[PDB]
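Asker: Below you will find the structure I want to go over with you.
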Amino acid sequence: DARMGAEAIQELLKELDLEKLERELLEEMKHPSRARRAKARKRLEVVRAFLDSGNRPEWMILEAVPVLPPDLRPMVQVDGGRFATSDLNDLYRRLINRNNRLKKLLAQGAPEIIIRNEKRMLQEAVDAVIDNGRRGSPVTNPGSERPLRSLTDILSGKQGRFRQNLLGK
Amino acid sequence: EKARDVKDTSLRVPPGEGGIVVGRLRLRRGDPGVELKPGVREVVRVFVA
Amino acid sequence: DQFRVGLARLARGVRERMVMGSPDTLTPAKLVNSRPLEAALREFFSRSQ
Amino acid sequence: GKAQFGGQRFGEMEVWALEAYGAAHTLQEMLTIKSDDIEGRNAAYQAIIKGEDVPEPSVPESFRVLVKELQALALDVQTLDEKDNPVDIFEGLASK
Amino acid sequence: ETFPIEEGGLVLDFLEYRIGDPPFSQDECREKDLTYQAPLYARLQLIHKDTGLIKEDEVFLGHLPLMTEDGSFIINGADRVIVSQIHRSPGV
Amino acid sequence: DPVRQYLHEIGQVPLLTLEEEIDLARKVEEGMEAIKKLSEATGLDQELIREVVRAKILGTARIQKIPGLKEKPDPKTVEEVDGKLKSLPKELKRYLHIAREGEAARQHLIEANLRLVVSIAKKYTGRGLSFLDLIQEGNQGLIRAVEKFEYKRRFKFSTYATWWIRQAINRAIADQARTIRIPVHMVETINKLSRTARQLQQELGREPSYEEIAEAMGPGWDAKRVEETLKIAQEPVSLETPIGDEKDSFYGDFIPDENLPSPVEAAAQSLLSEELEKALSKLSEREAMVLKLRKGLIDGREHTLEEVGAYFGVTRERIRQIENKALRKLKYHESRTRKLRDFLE
Amino acid sequence: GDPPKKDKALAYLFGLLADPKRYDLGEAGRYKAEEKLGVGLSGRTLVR
Amino acid sequence: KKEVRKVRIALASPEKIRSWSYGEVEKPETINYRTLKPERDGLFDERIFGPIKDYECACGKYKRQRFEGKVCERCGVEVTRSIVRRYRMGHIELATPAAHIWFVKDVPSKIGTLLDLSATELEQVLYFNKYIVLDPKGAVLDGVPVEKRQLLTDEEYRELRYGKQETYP
DNA sequence: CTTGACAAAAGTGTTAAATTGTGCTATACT
DNA sequence: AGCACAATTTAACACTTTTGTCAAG
Ligand SMILES: [Zn+2]
C-alpha cells in the first residue's frame with residue numbers, strides 16, 4: 001500500500017494511538033542526548049494538545065467543505081448596470097469545479113495519471129480557498145492582477161477583520 | 001396617494017456644496033458623436049459653481 | 001516602453017493566428033489584432049504609477 | 001470620508017485611549033451600539049427618539065461575521081457562558 | 001525591435017505607421033469623458049518564405065493618446081500627468 | 001510544483017507508433033465486443049459488466065466506495081455481479097480476459113495520447129483557466145474520442161482526438177469563465193459578434209457602432225440585440241479592486257447595506273405601526289377590526305371582502321360600504337389632528 | 001521544467017544575450033559601459 | 001438567556017461541519033445571467049441558505065410572517081428573515097478526502113511533528129508527488145525491506161506491486 | 001345593513017415561441 | 001469557432017372565477 005496524497009494521510013492519522021505514542025515519547029524524554037530529548041518534548045507537545053482537547057487529528061483531513069454563507073460575501077449590482085463580486089466567491093468556484101470534474105473522472109474509470117492530476121488539483125484549489133499563496137505562487141483573477149483574498153487572508157494583515165473592524169471601527 | 005409604478009430616483013445636490021448651475025451638459029443615447037455604456041439611456045453632467 | 005512590450009504581446013498573437021486557418025494567402029488584415037496592443041497601452045495610460 | 005456620508009474611525013489607538021481613562025460603557029457604544037450592533041443601534045434611535053436610556057448591547061454583528069468566518073476554516077467557534085456551557089451566538093439562526 | 005515577425009512559414013515585416021488625426025479635439029474629449037486618442041494606422045506586408053506571396057495590406061493598431069501643449073494628457077475626460085522615473089543608468 | 005508535475009508525469013510514459021496504436025485500438029474494440037458477448041451470458045447489460053471490470057482494474061476498493069453517500073457498493077450491487085459470471089465454461093470465461101485486457105488497453109492508449117492533449121490545450125489558454133484546468137477537461141475530451149474511435153477506418157487517432165479535445169475545451173470555457181452562468185449559445189454568439197467587431201475595426205480604421213456592427217451580423221441584428229447581450233457578457237467585478245490611486249481603499253468597502261432597514265427606519269416604521277393604532281380606536285368595534293382584515297393587519301395575510309363578510313355574518317356588500325365610510329371617517333380625524341399627515345413619501 | 005535538449009539552449013540562452021530584441025541594453029548602457037572598461041561593444045547585446 | 005463570560009476555539013470535524021451546513025452547493029453558477037436569482041446549486045443559493053426577502057420564499061407559496069418557519073414544499077425554501085443568509089452555512093462533499101494547508105505549511109508544522117515527519121518529505125506526499133508506505137506486506141527493497149512510515153517513488157512502487165521488467169528494442 | 005347584477009381583476013389550462021443543454025466533426029497534428 | 005437537435009422554460013392565449021361595484025332595497 002503506497003497510497004499517496006491526503007487519502008493515505010487520513011488513514012494513518014486515523015490509526016494513531018494517542019496514549020501509546022505519549023508513553024513512548026515520555027521514555028524518549030529521558031534520553032541523555034539533548035537531541036532525542038528536545039525532539040520528544042517539542043513533539044509530545046502536539047500529541048498532548050490532542051489528548052487534552054479530545055479532538056481527533058484525522059479531522060485535519062476533511063471530507064466536507066465548510067462553505068461560508070452567501071450574504072457574507074455576496075454579488076450585488078451598483079448604479080451603472082454592472083455587478084460586483086467578492087474574491088472568495090471565484091475561489092469557491094474553482095474549488096467545486098475541480099471537485100466535480102474529479103468525480104466525473106472517478107466513476108468514469110479514467111486511468112491513474114489523469115486521476116493523480118485532478119486529485120492533486122483538488123488539494124491545491126481547496127488549500128487555495130483557505131490560504132491563497134502560502135504554498136506556491138498565489139492564484140489571481142483570470143488574466144489580471146490582484147490575488148484572490150481567501151479565508152486566512154481576511155484574518156491576518158493590518159486590515160484584518162480583527163483590526164479594521166473589531167478592534168476599531 | 002397610490003404607490004405608483006415609478007419612484008423618485010433623481011440626483012440631488014451634496015450636503016455642503018451649494019452652487020449655481022452653469023454647465024448644462026446633456027448626452028442622450030442616439031445622438032451624434034456620443035457612445036454611451038452598453039444598455040444605458042441619457043446621462044447628464046451638470047456643473048455647479 | 002509599453003508600446004514595445006504591448007506590441008510583442010501582439011507578436012505572439014500574430015505567430016499563433018498563422019499556424020492555422022488558410023496559409024495560402026491570408027491578408028495581414030486577418031492576421032493582426034487591435035486589443036492586445038490598444039488595451040496594453042491604455043493600461044499604462046491609466047493604472048500605472 | 002465625507003463622500004459616502006459616514007462617521008470617523010475609532011481604530012485600536014482610540015480604543016486604548018478609552019481603556020486608559022477607564023470608560024467602559026463609552027467603549028461599549030463604540031464597539032456596538034453607536035457603530036454596528038444590529039438590534040443595538042436601532043434600540044438606540046428608539047430610546048433617544050423616545051427620551052430614555054439605551055439598553056446595553058449584545059451582538060456586535062461584526063463579531064458574528066467573524067464566527068462563521070472562522071467556521072469556514074473548520075474552526076469550531078465555541079462560545080461559553082459563566083461556567084463552561086453552550087451559548088447561541090447567532091440568535092435562533094443557524095440552529096438547524 | 002518587434003519585427004520582422006516570422007514563423008512553409010511567414011516573414012510578415014514592418015513598413016510604416018500612419019499618424020492619426022484626432023477624432024475629437026481635446027475639448028470634446030474633456031466633455032465626453034473620452035480619452036484624447038487618435039487611430040494609429042499601420043502599413044505592412046505579409047509574405048511567404050516559399051510561395052513568394054508578397055501580399056501587402058494596411059492594417060490598424062488602435063488609438064494612442066495625444067499630449068497637449070502644456071505636457072499633460074487627457075484620460076476619459078480627466079486630464080492626467082506622466083511624471084519621470086529615476087534609476088541608475090544602464091551599464092556596468 | 002503542479003506545473004512541471006503533469007509534464008514530468010506524462011513525459012515518463014512514451015508515445016505510440018502505428019504498430020502499438022492500431023493494436024491498442026483493436027484490443028479495446030475486442031474487449032467491447034467481448035462485453036456485448038457476455039451481455040447475453042447472464043443477461044447483464046453491456047454497460048453493467050463493463051464497469052464491473054473497473055472493480056478489479058483501475059482500483060479495488062476506490063472506484064465504487066465513495067461516489068457520494070450512495071452508488072453501486074462492492075458487497076451489494078457489485079459482488080453478486082462479480083461472482084455470477086464467475087462460473088461459466090471456457091467459451092465464456094475467455095471473454096472475461098478479453099474484456100480485462102481491452103479495458104486496460106483503453107486507458108493505455110489514452111495515456112499514450114496524453115502527451116498530445118496537453119500540447120493541445122496550449123493554444124486555448126486565456127479562457128480563465130491556467131493550463132492544468134484546460135488540460136484536465138481536454139483529457140476528458142480524449143476519453144470521449146477514445147471510446148468513439150474506429151481503427152478500421154485507417155485514421156490516425158491523433159486526428160480524431162484533436163477534434164474532440166478542442167470540443168471538451170471550448171465547451172469548458174462557457175461552463176467556467178464568467179462568474180455568472182452564461183449558456184453555450186450565448187457565448188457562441190458573443191465570440192461571433194466580437195470577432196466581427198475586432199475585424200472591421202482595422203477595416204474602417206476605427207470602432208464600429210451598434211448599428212453598423214450588427215449590420216454585418218445578420219437579420220434581426222439591431223443596435224439593441226448587440227448592446228443588450230453585450231451587458232450580459234460582462235463579468236462581475238472583484239470587490240478587492242482598489243479605488244483611487246492610494247493603497248488603502250477597497251471596492252467592497254464602498255458599498256452600502258440597504259438589505260436591512262436602517263435604525264431611522266426602525267423608528268420610522270415602528271412609529272406608524274403605533275400612531276395608526278391610536279388613530280384607529282376611534283372606529284366602531286366592527287369597522288375597525290374589519291378595517292384591519294382588509295389591509296393584512298390582523299393575520300398578516302389579506303382577507304378579501306367575501307371572507308370578511310362571512311366572518312361578521314354580513315354580506316359581500318355591507319363590508320364594502322363599511323370600509324368606505326369607516327375610512328373617510330378617519331380622514332376627518334387625520335385632517336384635523338395632523339398627527340399622521342406625514343409619511344407622504 | 002523543459003527537457004535538457006541541445007537545441008533549447010541554442011535558442012533560449014541565445015535570446016537572452018546576443019539578441020538585441022529581447023535584451024535592449026540602453027544606448028546609454030551600450031555607451032557609458034563602453035567607455036570605462038576599455039572596449040568596443042557594437043550592438044545593445046551582451047555577446048554575439 | 002445566559003451571560004457570556006467565556007469563548008473557546010478549537011478544531012472542527014467533518015460531521016460537525018456537515019451539521020453547520022444546510023446543503024451541498026455544487027454548480028459553479030453563482031446566479032443566472034437573466035433572473036440574477038440564486039441558482040439551484042448556486043454559491044449564493046436562496047433555497048437552502050435562507051430567503052433574500054424576509055419570510056417570502058422563492059416562488060412565493062408563502063409570502064408572509066403568518067406562516068412562520070414552515071418549510072416550503074414547492075420551491076424548497078424555509079420561510080424566515082433574510083438574516084439567516086448571513087449565518088446559515090453550507091458545505092461541499094469533497095470527492096476524495098483532502099487536508100488543510102494550515103497544519104502543513106505552519107511554522108511548527110502540526111501534522112508533521114504529529115506523525116513525526118518533516119515539512120519537505122511530507123509535502124511530497126500530501127500533494128501527490130510521492131508515494132508512502134503503509135503495511136509493506138513483506139515487500140523487499142534494495143536489500144532493505146521497506147517498512148511503514150517510509151517514502152517510495154513512482155518507479156519502485158510499480159516494481160513492487162506490478163513487478164520489475166526491462167525493454168529491448 | 002342588504003339583493004340582484006356585473007365590470008374588472010384574477011385564474012386554470014393548452015399551445016406557441018423562446019431558451020437551454022448536448023453530442024459530433026476522422027489527413028494529420030504528441 | 002460553428003452546428004443540429006433534444007430538453008425545458010417562457011410566452012401567448014383561450015376562458016373561468018373572484019372580487020369589486022351600481023342601483024335599488
Ligand atoms: Zn415556495
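Quick note on naming: the chains in the C-alpha cells go A, B, ... in the order shown, residues restart at 1 in each chain, and ligands are numbered from 1 in order of appearance.
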Within 12 Å of chain C, which residues of chain G are there when counting only C-alpha atoms? Please give them as a list in words.

Answerer: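 Result, ordered by chain then number: residues 21, 22, 24 and 26 of chain G.
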
Asker: Any chance you can output those residues with N, CA, C and O atoms as a PDB file, in the first residue's frame?

Answerer:
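The file below, result_32.pdb, is the result:
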```
ATOM      1  N   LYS G  21      16.819  42.197 -29.544  1.00  0.00           N
ATOM      2  CA  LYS G  21      15.381  42.410 -29.482  1.00  0.00           C
ATOM      3  C   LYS G  21      14.794  41.968 -28.138  1.00  0.00           C
ATOM      4  O   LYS G  21      13.774  42.507 -27.698  1.00  0.00           O
ATOM      5  N   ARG G  22      15.430  41.002 -27.477  1.00  0.00           N
ATOM      6  CA  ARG G  22      14.970  40.588 -26.153  1.00  0.00           C
ATOM      7  C   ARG G  22      15.830  41.197 -25.054  1.00  0.00           C
ATOM      8  O   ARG G  22      15.442  41.224 -23.886  1.00  0.00           O
ATOM      9  N   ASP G  24      17.480  44.757 -24.544  1.00  0.00           N
ATOM     10  CA  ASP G  24      17.765  46.099 -25.007  1.00  0.00           C
ATOM     11  C   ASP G  24      18.631  46.745 -23.953  1.00  0.00           C
ATOM     12  O   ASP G  24      18.153  47.154 -22.893  1.00  0.00           O
ATOM     13  N   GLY G  26      20.288  49.764 -22.970  1.00  0.00           N
ATOM     14  CA  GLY G  26      20.036  51.140 -23.353  1.00  0.00           C
ATOM     15  C   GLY G  26      21.232  51.782 -24.013  1.00  0.00           C
ATOM     16  O   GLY G  26      22.373  51.481 -23.654  1.00  0.00           O
TER      17      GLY G  26
END
```

Asker: Step by step, measure atom-to-atom distances between ligand 1 and each residue using only C-alpha atoms (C1' of nucleotides) and all ligand atoms, keep those at most 9 Å, then write them as a VMD selection string.

Answerer: chain H and resid 56 to 63 71 to 79

Asker: Since we have the selection now, will you write its residues out, keeping N, CA and C atoms, as a compact mmCIF listing (two decimals), in the first residue's frame?

Answerer:
```
# COMPACT_ATOMS: atom_id res chain seq x y z
N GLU H 56 -40.62 35.72 2.79
CA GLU H 56 -41.06 35.45 1.44
C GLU H 56 -40.16 34.38 0.85
N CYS H 57 -40.73 33.23 0.52
CA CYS H 57 -39.93 32.17 -0.08
C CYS H 57 -39.70 32.50 -1.55
N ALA H 58 -38.94 31.66 -2.24
CA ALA H 58 -38.54 31.92 -3.63
C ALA H 58 -39.73 32.14 -4.56
N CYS H 59 -40.48 31.07 -4.81
CA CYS H 59 -41.64 31.10 -5.69
C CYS H 59 -42.74 32.00 -5.14
N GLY H 60 -42.86 32.07 -3.82
CA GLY H 60 -43.91 32.84 -3.19
C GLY H 60 -45.13 32.07 -2.69
N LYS H 61 -44.99 30.76 -2.50
CA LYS H 61 -46.08 29.95 -1.95
C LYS H 61 -46.41 30.41 -0.53
N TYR H 62 -45.39 30.85 0.20
CA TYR H 62 -45.59 31.50 1.49
C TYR H 62 -44.89 32.86 1.45
N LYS H 63 -45.68 33.94 1.38
CA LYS H 63 -45.12 35.28 1.27
C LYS H 63 -45.11 36.15 2.53
N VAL H 71 -41.34 24.98 6.32
CA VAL H 71 -40.52 24.73 5.14
C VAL H 71 -41.37 24.67 3.87
N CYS H 72 -40.96 25.42 2.86
CA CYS H 72 -41.70 25.43 1.59
C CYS H 72 -41.58 24.09 0.89
N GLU H 73 -42.72 23.57 0.45
CA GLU H 73 -42.79 22.27 -0.18
C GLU H 73 -42.72 22.34 -1.71
N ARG H 74 -42.82 23.55 -2.26
CA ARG H 74 -42.84 23.71 -3.71
C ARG H 74 -41.46 24.09 -4.24
N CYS H 75 -40.96 25.26 -3.86
CA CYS H 75 -39.63 25.70 -4.29
C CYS H 75 -38.53 25.31 -3.30
N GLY H 76 -38.92 24.80 -2.14
CA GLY H 76 -37.99 24.30 -1.14
C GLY H 76 -37.25 25.36 -0.34
N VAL H 77 -37.98 26.37 0.13
CA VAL H 77 -37.37 27.49 0.85
C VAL H 77 -38.06 27.78 2.19
N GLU H 78 -37.30 27.66 3.27
CA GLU H 78 -37.85 27.89 4.60
C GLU H 78 -38.19 29.35 4.82
N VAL H 79 -39.43 29.62 5.21
CA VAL H 79 -39.85 30.99 5.47
C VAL H 79 -39.18 31.53 6.73
```

Asker: Looking only at the backbone, which of the residues in chain E does DSSP tag as alpha helix (DSSP H), as a ChimeraX atom specification?

Answerer: /E:26-32

Asker: Based on the selection just made, write N, CA, C and O atoms of those residues as an mmCIF file, in the first residue's frame.

Answerer:
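Ended up saving to result_0.cif:
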```cif
data_model
loop_
_atom_site.group_PDB
_atom_site.id
_atom_site.type_symbol
_atom_site.label_atom_id
_atom_site.label_comp_id
_atom_site.auth_asym_id
_atom_site.auth_seq_id
_atom_site.Cartn_x
_atom_site.Cartn_y
_atom_site.Cartn_z
ATOM 1 N N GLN E 26 -9.288 68.126 -27.983
ATOM 2 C CA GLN E 26 -9.044 67.993 -26.546
ATOM 3 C C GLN E 26 -10.213 68.496 -25.693
ATOM 4 O O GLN E 26 -10.357 68.100 -24.541
ATOM 5 N N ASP E 27 -11.047 69.357 -26.268
ATOM 6 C CA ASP E 27 -12.237 69.875 -25.596
ATOM 7 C C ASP E 27 -13.328 68.807 -25.553
ATOM 8 O O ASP E 27 -13.797 68.402 -24.472
ATOM 9 N N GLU E 28 -13.740 68.382 -26.747
ATOM 10 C CA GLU E 28 -14.761 67.356 -26.915
ATOM 11 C C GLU E 28 -14.516 66.163 -26.011
ATOM 12 O O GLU E 28 -15.446 65.640 -25.421
ATOM 13 N N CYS E 29 -13.262 65.732 -25.914
ATOM 14 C CA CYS E 29 -12.898 64.629 -25.033
ATOM 15 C C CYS E 29 -13.165 64.959 -23.565
ATOM 16 O O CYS E 29 -13.717 64.140 -22.831
ATOM 17 N N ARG E 30 -12.757 66.151 -23.138
ATOM 18 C CA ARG E 30 -12.960 66.562 -21.753
ATOM 19 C C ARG E 30 -14.436 66.654 -21.387
ATOM 20 O O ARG E 30 -14.793 66.507 -20.218
ATOM 21 N N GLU E 31 -15.298 66.902 -22.369
ATOM 22 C CA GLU E 31 -16.726 66.941 -22.057
ATOM 23 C C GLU E 31 -17.485 65.658 -22.422
ATOM 24 O O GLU E 31 -18.668 65.524 -22.106
ATOM 25 N N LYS E 32 -16.811 64.723 -23.085
ATOM 26 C CA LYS E 32 -17.421 63.454 -23.484
ATOM 27 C C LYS E 32 -16.986 62.305 -22.567
ATOM 28 O O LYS E 32 -17.469 61.177 -22.690
#
```

Asker: Could you work out how far atom CA of residue D:75 lies from atom CA of residue H:11, giving the answer in Å with one decimal?

Answerer: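 So the two atoms, atom CA of residue H:11 and atom CA of residue D:75, lie 5.0 Å apart.
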
Asker: What's the 12 Å shell around residue I:8, counting only C-alpha atoms (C1' of nucleotides), without same-chain residues fewer than 6 positions away, as a PDB file with N, CA, C and O atoms (P, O5', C5', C4', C3', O3' and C1' of nucleotides), in the first residue's frame?

Answerer:
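Now in selection_30.pdb:
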```
ATOM      1  P    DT J  18     -64.830  31.095  -7.858  1.00  0.00           P
ATOM      2  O5'  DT J  18     -64.132  32.497  -7.580  1.00  0.00           O
ATOM      3  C5'  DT J  18     -62.742  32.643  -7.839  1.00  0.00           C
ATOM      4  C4'  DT J  18     -62.243  33.980  -7.342  1.00  0.00           C
ATOM      5  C3'  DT J  18     -63.017  34.518  -6.149  1.00  0.00           C
ATOM      6  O3'  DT J  18     -62.142  35.174  -5.249  1.00  0.00           O
ATOM      7  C1'  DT J  18     -63.234  36.008  -8.000  1.00  0.00           C
ATOM      8  P    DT J  19     -62.721  35.896  -3.936  1.00  0.00           P
ATOM      9  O5'  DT J  19     -62.689  37.435  -4.342  1.00  0.00           O
ATOM     10  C5'  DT J  19     -61.709  37.875  -5.264  1.00  0.00           C
ATOM     11  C4'  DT J  19     -61.836  39.358  -5.543  1.00  0.00           C
ATOM     12  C3'  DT J  19     -62.458  40.177  -4.419  1.00  0.00           C
ATOM     13  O3'  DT J  19     -61.837  41.457  -4.376  1.00  0.00           O
ATOM     14  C1'  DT J  19     -63.810  40.337  -6.353  1.00  0.00           C
ATOM     15  P    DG J  20     -62.299  42.578  -3.320  1.00  0.00           P
ATOM     16  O5'  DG J  20     -62.922  43.703  -4.256  1.00  0.00           O
ATOM     17  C5'  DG J  20     -62.257  44.055  -5.456  1.00  0.00           C
ATOM     18  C4'  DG J  20     -63.028  45.118  -6.211  1.00  0.00           C
ATOM     19  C3'  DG J  20     -63.729  46.152  -5.334  1.00  0.00           C
ATOM     20  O3'  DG J  20     -63.750  47.398  -6.005  1.00  0.00           O
ATOM     21  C1'  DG J  20     -65.338  44.969  -6.581  1.00  0.00           C
ATOM     22  P    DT J  21     -64.617  48.626  -5.436  1.00  0.00           P
ATOM     23  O5'  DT J  21     -65.955  48.567  -6.307  1.00  0.00           O
ATOM     24  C5'  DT J  21     -65.877  48.242  -7.686  1.00  0.00           C
ATOM     25  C4'  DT J  21     -67.127  48.681  -8.422  1.00  0.00           C
ATOM     26  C3'  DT J  21     -67.865  49.831  -7.746  1.00  0.00           C
ATOM     27  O3'  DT J  21     -68.388  50.727  -8.735  1.00  0.00           O
ATOM     28  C1'  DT J  21     -69.281  47.918  -7.867  1.00  0.00           C
TER      29       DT J  21
END
```

Asker: Just to confirm, what's the straight-line distance from atom CA of residue A:17 to atom CA of residue H:133 in Å (one decimal)?

Answerer: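 According to the coordinates, atom CA of residue A:17 and atom CA of residue H:133 are separated by 18.1 Å.
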
Asker: Please return, as a PyMOL selection string, all residues of chain F lying within 10 Å of chain D when only C-alpha atoms are considered.

Answerer: chain F and resi 254-256+260-268+270-271

Asker: Keeping only N, CA, C and O atoms, write the selected residues to a file as a compact mmCIF listing (two decimals), in the first residue's frame.

Answerer:
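Below is the file that was written, out.txt:
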```txt
# COMPACT_ATOMS: atom_id res chain seq x y z
N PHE F 254 -16.82 50.15 -0.23
CA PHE F 254 -17.52 51.30 -0.78
C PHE F 254 -18.98 51.03 -1.13
O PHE F 254 -19.60 51.82 -1.85
N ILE F 255 -19.53 49.93 -0.63
CA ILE F 255 -20.89 49.57 -0.97
C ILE F 255 -21.74 49.62 0.29
O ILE F 255 -21.31 49.18 1.35
N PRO F 256 -22.95 50.19 0.17
CA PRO F 256 -23.86 50.34 1.32
C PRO F 256 -24.60 49.06 1.68
O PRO F 256 -24.48 48.06 0.98
N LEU F 260 -30.86 45.47 5.19
CA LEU F 260 -31.51 45.62 6.49
C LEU F 260 -31.99 47.05 6.67
O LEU F 260 -31.26 47.99 6.36
N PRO F 261 -33.23 47.22 7.15
CA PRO F 261 -33.77 48.56 7.42
C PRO F 261 -32.90 49.34 8.40
O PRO F 261 -32.53 48.83 9.46
N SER F 262 -32.55 50.57 8.02
CA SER F 262 -31.75 51.45 8.85
C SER F 262 -32.49 51.77 10.15
O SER F 262 -33.72 51.71 10.19
N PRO F 263 -31.75 52.08 11.23
CA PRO F 263 -32.36 52.45 12.52
C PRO F 263 -33.42 53.54 12.39
O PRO F 263 -34.48 53.47 13.03
N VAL F 264 -33.13 54.54 11.56
CA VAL F 264 -34.07 55.62 11.31
C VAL F 264 -35.37 55.04 10.76
O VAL F 264 -36.45 55.58 11.03
N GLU F 265 -35.27 53.94 10.03
CA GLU F 265 -36.44 53.25 9.50
C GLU F 265 -37.08 52.37 10.57
O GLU F 265 -38.28 52.14 10.54
N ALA F 266 -36.26 51.83 11.48
CA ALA F 266 -36.80 51.07 12.59
C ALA F 266 -37.79 51.93 13.36
O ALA F 266 -38.92 51.52 13.63
N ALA F 267 -37.38 53.16 13.65
CA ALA F 267 -38.25 54.05 14.41
C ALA F 267 -39.33 54.66 13.52
O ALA F 267 -40.46 54.85 13.98
N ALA F 268 -39.00 54.96 12.27
CA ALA F 268 -39.98 55.49 11.32
C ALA F 268 -41.16 54.55 11.12
O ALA F 268 -42.31 54.99 11.04
N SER F 270 -41.85 51.74 13.21
CA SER F 270 -42.46 51.41 14.49
C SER F 270 -43.34 52.56 14.97
O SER F 270 -44.23 52.37 15.80
N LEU F 271 -43.10 53.75 14.42
CA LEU F 271 -43.89 54.93 14.76
C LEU F 271 -45.26 54.82 14.11
O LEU F 271 -46.28 55.01 14.77
```

Asker: Quick one: residues within 7 Å of residue H:91, only C-alpha atoms (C1' of nucleotides) counted, chain neighbours fewer than 2 positions away excluded, as a PyMOL selection string?

Answerer: (chain A and resi 64-67) or (chain H and resi 18+21+23-25+93)

Asker: Output N, CA and C atoms for every residue in the selection just made, as a JSON list (two decimals), in the first residue's frame.

Answerer:
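Written out: out-v4.json:
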```
[["chain", "number", "residue", "atom", "x", "y", "z"],
["A", 64, "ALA", "N", -15.73, 17.12, 4.12],
["A", 64, "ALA", "CA", -16.69, 18.18, 3.80],
["A", 64, "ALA", "C", -15.97, 19.51, 3.55],
["A", 65, "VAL", "N", -16.70, 20.54, 3.12],
["A", 65, "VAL", "CA", -16.11, 21.86, 2.87],
["A", 65, "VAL", "C", -16.88, 22.97, 3.59],
["A", 66, "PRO", "N", -16.39, 23.48, 4.73],
["A", 66, "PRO", "CA", -17.20, 24.49, 5.41],
["A", 66, "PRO", "C", -17.37, 25.76, 4.57],
["A", 67, "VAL", "N", -18.47, 25.83, 3.84],
["A", 67, "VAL", "CA", -18.74, 26.96, 2.95],
["A", 67, "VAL", "C", -19.50, 28.09, 3.63],
["H", 18, "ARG", "N", -20.78, 19.11, 8.57],
["H", 18, "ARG", "CA", -21.96, 18.65, 7.84],
["H", 18, "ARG", "C", -23.20, 19.24, 8.50],
["H", 21, "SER", "N", -23.79, 23.01, 7.85],
["H", 21, "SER", "CA", -24.34, 23.21, 6.51],
["H", 21, "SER", "C", -25.83, 22.92, 6.40],
["H", 23, "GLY", "N", -26.94, 22.32, 3.24],
["H", 23, "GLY", "CA", -26.96, 21.64, 1.95],
["H", 23, "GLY", "C", -25.63, 21.73, 1.24],
["H", 24, "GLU", "N", -25.48, 20.96, 0.16],
["H", 24, "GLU", "CA", -24.23, 20.95, -0.58],
["H", 24, "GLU", "C", -24.34, 21.68, -1.91],
["H", 25, "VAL", "N", -23.74, 22.86, -1.99],
["H", 25, "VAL", "CA", -23.70, 23.62, -3.23],
["H", 25, "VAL", "C", -22.75, 22.98, -4.23],
["H", 93, "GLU", "N", -19.28, 18.31, -0.47],
["H", 93, "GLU", "CA", -18.78, 16.98, -0.17],
["H", 93, "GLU", "C", -17.65, 16.72, -1.15]]
```

Asker: In Å, how far is it from atom CA of residue D:33 to atom CA of residue D:66?

Answerer: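 These two atoms are separated by 17.9 Å.
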
Asker: Compute the chain A side of the contact with chain B at 12 Å, counting only C-alpha atoms, and hand it back as a list in words.

Answerer: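 So the contacting residues turn out to be residues 79, 80, 81 and 82 of chain A.
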
Asker: Counting only C-alpha atoms, which residues from chain F have an atom at most 7 Å from any atom of chain E, and could you show them as a PyMOL selection string?

Answerer: chain F and resi 202+205-206

Asker: Could you take the residues named above and write them with N, CA, C and O atoms, as a PDB file, in the first residue's frame?

Answerer:
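Result file is result-v7.pdb:
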```
ATOM      1  N   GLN F 202     -10.104  47.361 -37.816  1.00  0.00           N
ATOM      2  CA  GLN F 202      -8.985  47.675 -38.695  1.00  0.00           C
ATOM      3  C   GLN F 202      -9.453  48.037 -40.102  1.00  0.00           C
ATOM      4  O   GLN F 202      -8.805  48.824 -40.792  1.00  0.00           O
ATOM      5  N   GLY F 205     -10.799  51.492 -39.810  1.00  0.00           N
ATOM      6  CA  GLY F 205      -9.781  52.325 -39.195  1.00  0.00           C
ATOM      7  C   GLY F 205     -10.251  52.980 -37.911  1.00  0.00           C
ATOM      8  O   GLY F 205      -9.666  53.962 -37.452  1.00  0.00           O
ATOM      9  N   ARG F 206     -11.311  52.425 -37.331  1.00  0.00           N
ATOM     10  CA  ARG F 206     -11.875  52.930 -36.085  1.00  0.00           C
ATOM     11  C   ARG F 206     -12.892  51.937 -35.534  1.00  0.00           C
ATOM     12  O   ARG F 206     -13.116  50.875 -36.118  1.00  0.00           O
TER      13      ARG F 206
END
```

Asker: Please provide as a count of residues only all residues within 9 Å of residue G:2, with the sequence filter that same-chain residues fewer than 5 positions apart are discarded (counting only C-alpha atoms (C1' of nucleotides)).

Answerer: 3

Asker: Which residues are near stretch 150-156 of chain F? Cut-off 12 Å, only C-alpha atoms (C1' of nucleotides), ignore same chain within fewer than 2 positions. Put them as a ChimeraX atom specification.

Answerer: /F:16-30,113,145-148,158-162 /I:26-29

Asker: Identify, on the basis of only C-alpha atoms (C1' of nucleotides), every residue whose closest approach to residue H:42 does not exceed 10 Å; exclude the query and any residue fewer than 2 positions from it along the same chain; express the result as a PyMOL selection string.

Answerer: (chain A and resi 70+93) or (chain F and resi 180-181) or (chain H and resi 24-32+37-40+44-47)

Asker: With a distance threshold of 8 Å and counting only C-alpha atoms, extract the residues of chain F near chain A and express them as a ChimeraX atom specification.

Answerer: /F:1-2,6,9-10,51,54,58,63-64,67,107-108,110-111,126-129,136,139-140,143,176,179,231,234-241,252

Asker: For the interface of chain B with chain D (cut-off 12 Å, counting only C-alpha atoms), please tabulate each contacting residue of chain B alongside its nearest pair of atoms and their separation in Å to one decimal, rows sorted by chain and increasing number, as a tab-separated table.

Answerer:
```
residue	atom	partner	partner_atom	distance
B:14	CA	D:3	CA	8.8
B:15	CA	D:5	CA	9.2
B:16	CA	D:2	CA	10.0
B:17	CA	D:3	CA	11.6
```

Asker: I'd like to know which residues of chain E are strand (DSSP E or B) (by DSSP, run on the backbone); could you write them as number ranges by chain?

Answerer: E: 13-18, 37-45, 56-65, 67, 73-75, 78-80
